[PDB]
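Chains, contacts and geometry: an overview
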Amino acid sequence: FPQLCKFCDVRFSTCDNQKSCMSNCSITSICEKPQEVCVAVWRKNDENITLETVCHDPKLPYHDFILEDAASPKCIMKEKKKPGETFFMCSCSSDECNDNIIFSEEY
Amino acid sequence: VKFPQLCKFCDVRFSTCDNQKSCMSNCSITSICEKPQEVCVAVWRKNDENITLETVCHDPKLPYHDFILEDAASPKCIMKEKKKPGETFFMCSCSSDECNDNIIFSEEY
Amino acid sequence: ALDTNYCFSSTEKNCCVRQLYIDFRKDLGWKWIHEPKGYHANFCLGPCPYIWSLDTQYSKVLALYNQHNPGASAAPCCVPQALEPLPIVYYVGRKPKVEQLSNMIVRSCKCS
Amino acid sequence: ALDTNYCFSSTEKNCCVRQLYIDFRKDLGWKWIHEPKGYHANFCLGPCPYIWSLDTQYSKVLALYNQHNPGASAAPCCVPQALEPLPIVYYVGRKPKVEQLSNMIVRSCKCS
Amino acid sequence: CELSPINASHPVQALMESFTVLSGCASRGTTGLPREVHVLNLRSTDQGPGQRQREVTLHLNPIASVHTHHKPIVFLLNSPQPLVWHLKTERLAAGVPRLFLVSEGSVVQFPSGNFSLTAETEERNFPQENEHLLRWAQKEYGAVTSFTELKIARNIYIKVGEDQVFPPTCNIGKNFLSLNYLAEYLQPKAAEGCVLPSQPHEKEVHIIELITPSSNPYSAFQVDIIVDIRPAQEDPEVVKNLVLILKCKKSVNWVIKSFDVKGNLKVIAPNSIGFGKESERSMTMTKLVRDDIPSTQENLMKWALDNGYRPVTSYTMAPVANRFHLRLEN
């Protein structure tokens, strides 16, 4: 059962100060290897709001940043420090689990 | 229907029903006639020694036992007595499938 | 796969071959057969769930659609896969003869 | 002769191919297929009487049995006969791929 | 091409496979008796004794109304020639003693299993006359369950067990044939054909046209037209692409059996098409149905030309046949 993920590149949306959002990605695909998991990155800045969802190896880093919580089965937005713009990252190992982004279960 | 008739095709064989109005040929062989022009023929012979019943796929044009057929169009084998000297002779012919299986001497009860 | 051996060996609610006696004179109306007077024409019967002997890709697709849409009335059917001939004896004139009526006995069933 | 044109032209109570739309995500759960999001997977349906498109001899025998025995539950079933592959476009990673899923669309139906 | 009488060189032979007994009688009068009696009176021809096949392949089965047969059986295997009976039993019970009274100088090669463990064979001196042999059998064992006089064939199928529809006492007649006890004869029927002169190719197109499949005038019922595809020699094997164009206006059920041949096989016929068991499928058989196939020697060549099943390797028209054999040479 190969894992399914959204493989859209950097896009623009209106997800800011919201409890949940949708990736709005029209591409659903099988990653190259079943070991890979879906990873979502949020890097909003003063220029514009940016987000991305791709496949990535759980043990490999993205942009020289280690995804320590890649083993989680659900994509939970966790803050990561980065110069220039704030970093938010999540990863998930089930099928098509990066379609919807959940910032926090608090409601 | 141009398909060949189904007729009982036992040769001369002994039976038990004598002089009765109706009977069953009790012939275990139901045959498709060799030629499509043929019709079922039943011949009941009664002698002081033994009684016999014969069933054949026969051409109506060709006479059987030197006797001409005048009932090839009959849906059922209307048994008719013939004038064979000495022995009692009945013959019938018909064109329905397995029509010679049942022999009727008289329609009256 | 779902041959007569398995189906007659154990009762199965799914698509399987079931015993059936086709009587020539009494049922088919074929009066021209002298022997056998009636043979065993097993008939395929039984629902086809997704986890079963599905042969074609369309069969799997229809099984999935039926599973996810129970009120659809469209589902793969149980039909013969391998059928075996029946040798019969019939009389032409006064001569008996042996014919092999092909595809008359069902040996196995399938879902399609 | 029970092709798409015949059954789609007018209603036919017996075994015929009937139009049916399969949406992968909603119907089959196949969320791995990007294009097409749905297609037309017609399904075969309709009772098979004696005077109809029966293919093998066993089908004719079963039809005769059902004709002489109404309450029998045994009868040939309407099943696919002509199948056409479905063109699909699916992504592996970032790579598009065009494939022809074999035997996905029903074009003709027979009685078996 | 030109249609001419075919010879052994023609790639397709048009044998006819028929089941027949010269005479016989089946009697139910052995239910009371402890042992069934099956008697075979074989007949030979005037041909050379060396040319006569010494081997017989008596098949034993239970009748259709019996799942397994558990009853002592005595088989009287009488023939005016010394024979070896390669028995082949199916669905017969184990441990029941069985007797085989064969003619003098005849040996029975029982198959392996429990059957050969309780089978006694005795060579005797049966008369070469039907009435005398039947009288001897009746005197020795009361009543015969079955008697059949038949020509010496390669295969002789016998179905044991009493059927109560049979007459109480045996009465031999020429016009008797029950599907239980019969023989299997292959008669090479004459047919026309022609072979197109072609260079050796991996693609072969053989067109087979059949006029009359069976002698019954009720030709609304399918018949099995078994096609044998075997090489000229088993070793070395041959891998090829066969395109069998089969045509028969009357309804038939062309059955394709291939042995010791590899490759891709396609069959195109307006009637039904079938294949044998897994042991009979030596090639990747794929069937193909087209109801548009014509029914003449001339039109069929044009049909092959139009449909791309070219070049046409061989053509064979058989007025009457049902056991086509296809010999491929290399």
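Residues numbered from 1 in each chain as written, not as in the entry; some residues may be left out. Chains lettered and ligands numbered in written order. Heavy atoms only, no water.

For this coordinate set, the PDB header names cryo-EM as the determination method and states a resolution of 3.4 Å.

**What to know about the overall build of chain C**
Condition: Helix and strand definitions here come from DSSP, where helices need a minimum of 4 consecutive H or I residues and strands a minimum of 2 consecutive E residues; each element is numbered from the N-terminal end. Computation of the radius of gyration draws on C-alpha atoms alone. For the globule rule, the value is 2.2 Å times the number of residues to the power 0.38. Type-normalised accessible area, obtained with a 1.4 Å probe on protein chains alone, sets the label of each residue: buried when under 20%, exposed when over 50%, and partly exposed for intermediate values. Only heavy atoms matter for contacts: two residues are in contact if any of them lie within 4.5 Å across the pair. Here, Shrake-Rupley sampling with a 1.4 Å probe gives the accessible areas, and only protein chains in the shown set may cover a residue. Neither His nor the chain termini are counted; the positive set is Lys and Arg, and the negative set is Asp and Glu. We put the charge of a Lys on NZ, of an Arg on CZ, of an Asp on CG and of a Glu on CD.
Secondary structure summary: chain C contains 3 helices and 7 strands in total. Relative to its length of 112 residues, chain C is extended, with a C-alpha radius of gyration of 18 Å against a globular reference of 13 Å. Principal-axis analysis of the C-alpha atoms gives chain C an extent of 60 × 25 × 25 Å. When the 112 residues of chain C are sorted by exposure, 56% land in the buried category. In chain C, once contacts between residues fewer than 6 apart in sequence are set aside, the share between residues at least 24 apart is 57%. Summed over its atoms, the accessible surface of chain C is roughly 4,800 Å², and 53% of this surface lies on carbon and sulfur atoms. Averaged over its 12 positive side-chain charges, chain C has a centre that lies 7 Å from the centre of its 8 negative ones.

**Quick look at the state of the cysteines**
Where we set the bar: In this description, a disulfide is simply a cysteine sulfur pair whose atoms lie within 2.5 Å.
Tallied over the entire structure, the rule returns 23 disulfides over all chains. Linked covalently through their sulfurs, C94 of chain B and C99 of chain B form a disulfide whose S-S length is 2.0 Å. Because the torsion about its S-S bond is 90 degrees, the bridge between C94 of chain B and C99 of chain B counts as right-handed. Comparing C94 of chain B with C99 of chain B, the two get one shared label, buried. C15 of chain C shares a disulfide with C78 of chain C; S-S distance 2.0 Å. Between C15 of chain C and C78 of chain C the sulfur-sulfur dihedral comes to about 80 degrees; the bridge is accordingly right-handed. Taken together, the positions of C15 of chain C in the loop between α1 (4–9) and β2 (16–18) and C78 of chain C in strand β6 (residues 78–92) put the pair 63 residues apart, joining distant regions of the chain. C15 of chain C gets classed as buried once you look at its relative accessible area, which sits at 0%.

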